[PDB]
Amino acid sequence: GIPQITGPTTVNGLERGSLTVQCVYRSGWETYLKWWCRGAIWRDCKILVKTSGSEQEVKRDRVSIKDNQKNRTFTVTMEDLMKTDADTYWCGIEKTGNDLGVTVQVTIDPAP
């Protein structure tokens, strides 16, 4: 491979359902903080959750994140999906001056 950070181009979930996202990064970023932000513009990004750079799973409301440094891929999990969650998100990596990010498009379908 060659791109520093990777992820699915798009992900789909069902209303009240659950969806996960896997972002793979290359050697070197294992210790950086990892996060899931909402919004297409990186500047006014809406950070939903993030790790402290360790492998501890961190959860905030309906979003949890856990970094698997051996596999060099962190997993973002969104529970109890809502139709308003559909948006463009970012899988971001960051620490002491550096950061990478790749957008993931989230789609939500309804039942009833």
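In this text, residue numbers run from 1 along the sequence as written.
J.: Where do the C-alpha atoms have the higher mean temperature factor in this entry, in 91-99 or in 19-27?
T.: For C-alpha atoms only, the mean B-factor is higher in 91-99.
J.: Highest mean C-alpha temperature factor of the two stretches 81-89 and 58-66, which is it?
T.: The deposited B-factors put 81-89 ahead on the C-alpha mean.
J.: Looking at the C-alpha B-factor of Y32, is it in the lowest, middle or highest third of its chain?
T.: Middle third of the chain for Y32's C-alpha B-factor.
J.: Compared with the other modelled residues in the chain, in which third is the CA B-factor of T73?
T.: Its C-alpha B-factor, which the entry lists for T73, ranks in the middle third among residues of this chain.
J.: By the recorded C-alpha temperature factor, relative to the other modelled residues in its chain, which third is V49 in?
T.: Tercile = lowest for this residue's CA B-factor.
J.: Lowest, middle or highest third: where is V11 by Cα B-factor in its chain?
T.: Middle third by C-alpha B-factor.
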